[PDB]
Peer 1: 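Below: one structure in structure tokens.
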Amino acid sequence: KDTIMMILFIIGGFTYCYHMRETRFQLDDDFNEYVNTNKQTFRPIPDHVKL
Amino acid sequence: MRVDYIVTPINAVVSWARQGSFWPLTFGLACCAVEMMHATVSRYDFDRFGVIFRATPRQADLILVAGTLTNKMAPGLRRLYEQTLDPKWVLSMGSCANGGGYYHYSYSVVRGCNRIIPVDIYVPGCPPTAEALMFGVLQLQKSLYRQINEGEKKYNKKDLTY
Amino acid sequence: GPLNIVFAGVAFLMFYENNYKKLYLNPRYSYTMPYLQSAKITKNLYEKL
Amino acid sequence: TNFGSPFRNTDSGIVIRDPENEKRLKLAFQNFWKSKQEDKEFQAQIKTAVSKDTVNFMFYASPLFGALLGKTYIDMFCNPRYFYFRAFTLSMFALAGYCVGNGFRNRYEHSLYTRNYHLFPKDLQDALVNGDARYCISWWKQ
Amino acid sequence: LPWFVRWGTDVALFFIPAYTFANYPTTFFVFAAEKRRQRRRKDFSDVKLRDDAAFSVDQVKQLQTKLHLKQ
Amino acid sequence: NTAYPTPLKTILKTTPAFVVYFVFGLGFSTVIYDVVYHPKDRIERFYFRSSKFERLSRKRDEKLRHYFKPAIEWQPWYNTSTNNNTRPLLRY
Amino acid sequence: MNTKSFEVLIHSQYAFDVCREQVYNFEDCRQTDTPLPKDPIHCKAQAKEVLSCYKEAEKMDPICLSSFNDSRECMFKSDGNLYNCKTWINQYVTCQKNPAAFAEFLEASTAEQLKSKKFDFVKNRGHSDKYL
Amino acid sequence: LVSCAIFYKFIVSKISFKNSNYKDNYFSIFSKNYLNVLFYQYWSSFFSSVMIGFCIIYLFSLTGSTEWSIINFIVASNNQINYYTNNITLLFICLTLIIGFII
Amino acid sequence: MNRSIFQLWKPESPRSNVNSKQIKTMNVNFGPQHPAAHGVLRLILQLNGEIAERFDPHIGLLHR
Amino acid sequence: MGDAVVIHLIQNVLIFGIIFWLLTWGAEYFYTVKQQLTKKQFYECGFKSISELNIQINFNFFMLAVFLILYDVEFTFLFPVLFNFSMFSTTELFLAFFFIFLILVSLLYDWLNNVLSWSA
Amino acid sequence: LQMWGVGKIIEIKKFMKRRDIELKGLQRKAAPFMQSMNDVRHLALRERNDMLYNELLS
Amino acid sequence: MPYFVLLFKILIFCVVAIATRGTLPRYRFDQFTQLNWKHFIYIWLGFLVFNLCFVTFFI
Amino acid sequence: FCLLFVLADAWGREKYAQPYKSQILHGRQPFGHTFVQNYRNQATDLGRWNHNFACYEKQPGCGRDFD
Amino acid sequence: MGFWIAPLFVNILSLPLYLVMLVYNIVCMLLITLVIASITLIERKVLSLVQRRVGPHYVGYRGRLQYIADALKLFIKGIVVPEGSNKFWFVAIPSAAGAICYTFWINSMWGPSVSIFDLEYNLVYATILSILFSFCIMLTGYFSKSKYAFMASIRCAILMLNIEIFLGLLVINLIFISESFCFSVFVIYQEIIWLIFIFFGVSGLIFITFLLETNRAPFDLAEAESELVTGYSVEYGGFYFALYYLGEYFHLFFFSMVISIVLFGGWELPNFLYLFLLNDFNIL
Amino acid sequence: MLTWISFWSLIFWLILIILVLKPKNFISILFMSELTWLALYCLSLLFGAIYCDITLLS
Amino acid sequence: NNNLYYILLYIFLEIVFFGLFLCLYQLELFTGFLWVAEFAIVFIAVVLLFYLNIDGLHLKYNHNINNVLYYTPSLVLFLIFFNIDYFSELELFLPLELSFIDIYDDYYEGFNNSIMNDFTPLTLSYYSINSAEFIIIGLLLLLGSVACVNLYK
Ligand SMILES: CCCCCCCCCCCCCCCCCC(=O)OC[C@H](COP(=O)([O-])OCC[N+](C)(C)C)OC(=O)CCCCCCCCCCCCCCCCC
Ligand code: SF4
């Protein structure tokens, strides 16, 4: 009984780590959307910079 | 004369310190050794009076002879006494050490440890109870505290020593 | 001796020349010589101490 | 808090504990939310990584799930004669579940107030970023 | 008097002086630090002022006096 | 009778030693802080604790004061003949 | 040009927000195909332009002096951590954009907002500051 | 790497043998061949390695790389250009490499 | 788990230098004034890397 | 690392040692030392020592020092990837894991050959 | 616990990364004027050395 | 000031060491050397590998 | 076992967005690394190098600036 | 005239400043010595509890000056150098040991950027100082010409090999998180939770590291009173022996500081005790 | 009083000369060989700094 | 000096002075590493002496004969003719005020730089460019351990 409960307990912890990694991804998207609010312009490289 | 103004107070500070940390040598012969080890444990705490045991004579302040001394051990006891750092004091514990004791009429026993090394104090029993050993150690501590200034110098007309 | 006197003179002139060129003929904007430069608070980037 | 404000360092050099300022900020943002409550384009423009109903369900279920786990744990791991350690175990499990649910709503709150940052006006944006009620004066004063 | 009252009194007598000492490493010298901080502030003569000023220097003085900004 | 519990009374013997240890440790820490806090009117952060841009801004004025003014005001007879001049910023 | 570095950054926030054209010209001049920089002598003139527009950027309205001094004290106490003092700096720039509207701003302060502010970044450490 | 492998090979040589010499029991006979092999291989490897590292350092200093093509191109172009006219350094580099390989 | 028996013991052979004692043994007095020697034990101890090889217990220092 | 203040602090440490030296010299006024036969001789549990200079250890654990020399190099080579692990890629990760695997394999070989103990 | 703690450390690191993006933006705002002053001073020193070298070598 | 709190923790680690001195017996050098070189190094390296794997998972 | 697990999860991570794919398979190097390892690189032809913003013009988000 | 005598005072006017710097350091040294003394007394008292006795109770009032008495007596004791030993080395190794042990206090951190020096490689400095002290101990054991002391020196060599490997592995594992050698960088990561949460599986190994670096009961080799009379101070008494235990207790104190900084939150309160009731963010 | 490049080249070759000079005791030669490797270490670092090359630190 | 202990001590002091030069020339990090490594080695060396030369007694050698026969004139000739320093000047060759490149700062990669330690070049070389030599040194250490075990056997 103890060993099967331990087996069941190790699993779910991996599930919770998966969930918290996904929440980290969500927070990263949230902050990206916040920070790109007033930074929507791009200046092209001038033609005098050759290839 | 003026030097005493500094020396006389400082003397006390020198005595107090050496009275507050009186480290005997870890050395026990026969069964006064067992009684001494009883005198060291929590029932009678020498550590209360700042008495802790050091294993080497170079860090010891008191030599505690606590057992029978044979003719085979006398040179070793003499060497151990000589190899202790000054100043040092010697305590003789029990009958076998104070005199011959229960083996005074034997062919291989030194008739008292004071035939080999000087002795500062004697504890008479066989064995002297931990009560008596603590009494003797406290007496020796008080004596060595008072021993730095026993009034050897004379006072001049200014109440100053020499 | 005379040569010892000459050496002492040259050493003293070297010491005084170094000190004189550190104290004067040199901008004083950083604290290098204590008790001879000002120890005030500067509000601008370039203030003479 | 564990991380503080997402837009600034909370107590970096000086600690400010001004309940009036935070009450003003909350009132101004509630007024803004209520004013733009019935415009369908603004309602449809709101985006958040997790819905509100799922957040409510998670907060309602996580402490109950933890309490059930603790009850099972004491029932088939602890002697029923005693009473103190079992109560402590249920308290710990329920607190862990409540922590998970509070984490759900806190992440929802963060996403709500940081994904719709461009919808707020300039004064509201400044008040939110700097945590100062003096920027959007007109929102909370009247 | 309960025993824990006396124990708490002793603990407070130990803890308050230590906490106070840890709070102020520069004992009896924080006033000099406050004076230095006050002198570090720039007056109106230490900066270049904008000529087209909405509020004059005196007007800012009365504003600060009235607002109790305490700067 | 309102005596202390027996387990508490035994451990209370070591408390004055803890108090004197705390006094000495607080003194040591306070002296370290005060010695650090005197020359810099604040507790200066470590130079390596800042970003690359911050490192340039914190040392720009010192560079200008110590290596720019003596170089832009240099004259041939300004230097000492004893050859004990200021050392370069980078040692080669 | 004779001002200190932290003051330069504090002014530079508002200056970059106002001196956009000269900054754009300077940045376009200094562009290169390598992370290695260009010769500064090739972009001196535009650089001068930038400095010129910075000069009038430094001149400030009297009502912004309190915010400027608070930002300066924060900068000095933090040893040039701009993010840790980005709040007060913002309060400065919002003044420089509109000196007239700032007065009502200063009238909205609470009791604690009207107190002299002392920064001690050792006793108060913020929340997970990487540069501390 | 290969020199360490060769040292490992030299180490695991058989030392004692089963022979028909029954006169050497209860007497000490010293061979000393194993020690000489290990000693000389060890010190020759040391000398060669230090001199090769020295040459590598100066080749980076002179050219900026130890690639064969870059080194050859740089040396030939310098011969054509007459830019680096330190014959002593080139002679010493060549000498050190050659002597390291000789050892 | 392989055999390490040869690393464990070292015999002696007549006139064999590699089988003899190739070291000066540490001859120590486990003498009476030692904490582990009790009171009067004077044990002549031969140590080789803190391994006890030869014992010579001198007793009679408390023979009365 | 440090700065020029370290040498000055070492000199200050030497001055503090001078303070202790002065205290110890002053303490000599309160005792006398009498010359005796065995007082200045080696102490060996109360009897006379039979050796002075030739006190040689067996050093039957040199393989431990041999392996320590190599694994110190192992770990000092391991530091940079740990310091800059935030910028890892396929190559860095593969190299780090291969290096750690080689260390483990070497330790396993040592354990198999039983060179991690005391020998006669 | 080891897995959860590693995840937490990664969380604080990502939060610091976001703050670092913001600080980098502020530093970008500050950069051009610092660059202009640096270039002007560098060119002043270079012009001094150029005129000195020309006078010496002419 | 922070160091106050620090002192507390230091004191704790002083008390634990004294209690360990009063409680535990003493090893032999060879025994602990064998334990370290045959058991603990592998545990340290495995812990390092686990930490690296977890960081790669989460980063 | 941890290695097999982490590589399996890294390969399964491909279902996420580009910034959240596994760094084991996607590179996130600093600007010096990126420039030197992608300079004159035709396999990953990233175009011209932006100097003020140290990124290649074909990299997403290169040269982001305030409006 | 003053204008022509100011140069002469350029250098000597800086002479007092150096002096006062020395004074400051002296004070610090004294203070740290004092706290170490207190720890000594603390030890005895704590031991008394485990043994159910009183401990020092009669030196001063209720045993308040035991460490002072011990230090003064150790000063008073008169040292003798045996013949057959090198007198120069016999007196020089203790001096070097004291000078080394009175340096550990520069590798200390009390709050962010509060150390006396701006050192960055704190762990490297700790390793250097530890190996220097081990050098001193081994040389003391060798030059004492005593068999027991020299066996203890060999034991110290074995101990330092073991601690080199063991602490190197611990430092390798710890660097992976902080990415720095400085002490102040671990606290910013430990503000939320302590690193023992990650290192829970190797808590026994961490405690072993603490004991091994401190030379506590399971690893009290080179000072054992049973196998040896005394570890390395068999022929040493007076203030050389005092210097050696001063160094040992300095090692105790500063490694306890190091462990507390790098694994137990440093100078942060145990916030994890309320980990279930803390919000990650506050916005409004 | 001597340039670092010439100083360190001469130091390396002098170390080799002294290694050859001293009486042939194996431990002495081992110690001198270690010193030779350390001199190479220092020279490589010096040239790596002078020429801005990252391979010499390696 | 022919005493092994004094040779070891003087080599230890030489290592200290090498680290001091690295510190002066502003390669601080490489002073921190070198020392500790060699320090450990020196420690082990001392133990080796305790096994192989317990007393400082050494071979009774006379250094004068070889000095006056071979080493002095060879050293004189080598010093006379050996110099592989093409161009490099002391810091006092020209006035310091004529140098200006240490003052220049480029702030655009200052805010584009995310590095916070000094291990970046070592990381680049060991795990990007010279990774082949890194693998070679690892294999070399493994083979050396195997060879050491076989030598012990
Ligand atoms: C030599 C045995 C093996 C050594 C292995 C490596 C040891 C590394 C260092 C460990 C510590 C012990 C060394 C320091 C003390 C002895 C000094 C010494 O060796 O002198 C020999 C040298 C030479 O020894 P000598 O003078 O006996 O030799 C005469 C010449 N022959 C060899 C021909 C016989 O001593 C001197 O030159 C005179 C004494 C000078 C002592 C100066 C320092 C004294 C101690 C001050 C405190 C320590 C330094 C500061 C603190 C540490 C840094 C923060
Ligand atoms: S005097 Fe008596 S009791 Fe004491 S040790 Fe002698 S025999 Fe034993």
Side-chain angles (χ1 to χ4, degrees), chain B residues 1-25 49-51 57-65 78 81-93 98 112-124 134-162, chain J residues 19-37 39-40, chain N residues 58-61 64-80 237-239 242:
Chain B
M1 295 299 102
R2 74 281 190 191
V3 58
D4 291 331
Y5 283 128
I6 298 310
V7 164
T8 313
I10 282 181
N11 272 349
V13 190
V14 169
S15 294
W16 168 83
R18 79 168 56 168
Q19 184 206 50
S21 63
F22 199 37
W23 302 351
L25 182 61
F49 311 92
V51 168
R58 308 276 187 207
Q59 295 154 33
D61 317 304
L62 161 79
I63 300 155
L64 199 154
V65 194
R78 185 65 204 194
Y81 164 78
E82 284 193 12
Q83 283 175 349
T84 315
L85 265 60
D86 314 301
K88 71 181 85 71
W89 287 267
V90 175
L91 186 138
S92 165
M93 164 185 194
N98 298 332
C113 82
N114 62 352
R115 295 173 155 197
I116 313 283
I117 56 150
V119 177
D120 278 312
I121 208 160
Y122 301 80
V123 187
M134 185 147 294
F135 171 80
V137 171
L138 202 48
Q139 289 288 90
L140 181 50
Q141 280 182 295
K142 293 200 287 287
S143 277
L144 66 92
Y145 180 88
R146 191 67 274 160
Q147 212 164 4
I148 205 171
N149 191 5
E150 298 179 0
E152 277 99 344
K153 300 294 187 291
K154 282 150 179 62
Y155 290 77
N156 59 353
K157 291 311 176 87
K158 303 195 185 190
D159 276 326
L160 301 174
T161 53
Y162 291 160
Chain J
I19 293 171
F20 291 168
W21 172 28
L22 263 167
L23 268 192
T24 310
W25 177 47
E28 285 169 19
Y29 191 77
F30 309 97
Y31 61 93
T32 67
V33 188
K34 194 199 159 157
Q35 180 77 40
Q36 289 177 354
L37 185 68
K39 173 178 282 300
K40 295 180 185 288
Chain N
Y58 291 115
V59 185
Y61 194 40
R64 283 163 220 183
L65 317 175
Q66 187 67 65
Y67 46 94
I68 303 162
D70 300 0
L72 262 49
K73 196 265 295 178
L74 287 168
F75 264 117
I76 293 156
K77 290 297 285 209
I79 315 166
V80 58
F239 207 63

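Below, chains carry the letters A, B, ... as their sequence lines are ordered, and counting in each starts from 1.
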Peer 1: Could you grab the distance from atom CG of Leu91(B) to atom CG of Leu64(B), nearest 0.5 Å is fine?
Peer 2: 4.5 Å
Peer 1: Kindly compute the distance separating OG (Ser92(B)) from CD1 (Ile117(B)), expressed to the nearest 0.5 Å.
Peer 2: 8.5 Å
Peer 1: Would you confirm whether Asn156(B), through its side chain, and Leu160(B), through its main-chain N or O, come within 3.5 Å as a donor-acceptor pair?
Peer 2: yes
Peer 1: Identify the two heavy atoms, one from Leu74(N) and one from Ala242(N), that lie closest to each other, and give their separation to 0.1 Å.
Peer 2: CD1-CB, 3.6 Å
Peer 1: For the atom pair NZ (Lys88(B)) and CG (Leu62(B)), what is the distance rounded to the nearest 0.5 Å?
Peer 2: 11.5 Å
Peer 1: What is the minimum heavy-atom distance between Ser21(B) and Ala69(N), and which atoms define it?
Peer 2: OG-O, 3.6 Å
Peer 1: Just how far is it from atom CD of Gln141(B) to atom CE of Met134(B), taken to the nearest 0.5 Å?
Peer 2: 9.0 Å
Peer 1: Can you tell me how far the CD1 atom of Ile19(J) sits from the CH2 atom of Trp21(J), to the nearest 0.5 Å?
Peer 2: 12.5 Å
Peer 1: Using the test side-chain hydrogen bond (donor to acceptor under 3.5 Å, both in side chains), find all partners of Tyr81(B) that sit at least two apart in sequence or belong to another chain.
Peer 2: none
Peer 1: Can you give the donor-acceptor pairs under 3.5 Å from side chains of residues 24-32 of chain J to other protein atoms, not counting sequence neighbours?
Peer 2:
residue	atom	partner	partner atom	Å
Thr24(J)	OG1	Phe20(J)	O	2.9

Peer 1: Would you say that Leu72(N) contacts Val13(B) through its side chain, given a criterion of any heavy-atom pair below 4.5 Å between the two side chains?
Peer 2: yes
Peer 1: Applying salt bridge (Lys or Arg N to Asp or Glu O under 4.0 Å), can you list everything that pairs with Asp4(B), at least two apart in sequence or on another chain?
Peer 2: none
Peer 1: Provide the full list of salt bridge (charged side-chain N to carboxylate O under 4.0 Å, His left out) pairs with a residue in residues 69-79 of chain N, sequence neighbours left out, each pair given once.
Peer 2: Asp61(B)-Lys73(N), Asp61(B)-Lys77(N), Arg44(N)-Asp70(N)
Peer 1: Which residues satisfy the ring-ring contact (aromatic ring centres under 6.0 Å, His included) test with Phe49(B), sequence neighbours excluded?
Peer 2: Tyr58(N)
Peer 1: List the atom of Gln66(N), the atom of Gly20(B), and the distance in Å for their closest heavy-atom pair.
Peer 2: NE2-O, 3.1 Å
Peer 1: Can you measure from CD1 (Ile63(B)) to SG (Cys113(B)) and round to the nearest 0.5 angstrom?
Peer 2: 10.0 Å
Peer 1: How far apart are the closest heavy atoms of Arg58(B) and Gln83(B), and which atoms are they?
Peer 2: NH1-O, 3.2 Å
Peer 1: Which heavy-atom pair separates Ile76(N) from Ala17(B) by the least distance, and what is that distance?
Peer 2: CD1-CB, 4.3 Å
Peer 1: Can you give me every donor-acceptor pair (side chain of residues 142-150 of chain B, partner residue at least two apart or in another chain, under 3.5 Å) with its distance?
Peer 2:
residue	atom	partner	partner atom	Å
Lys142(B)	NZ	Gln139(B)	OE1	3.0
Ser143(B)	OG	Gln139(B)	O	3.4
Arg146(B)	NE	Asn149(B)	O	3.2
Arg146(B)	NH2	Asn149(B)	O	3.3
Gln147(B)	OE1	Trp89(B)	NE1	3.4

Peer 1: Surrounding CD1 of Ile6(B) (heavy atoms of other residues, nucleotides or ligands, distance under 6.0 Å), is the total greater than 12?
Peer 2: no
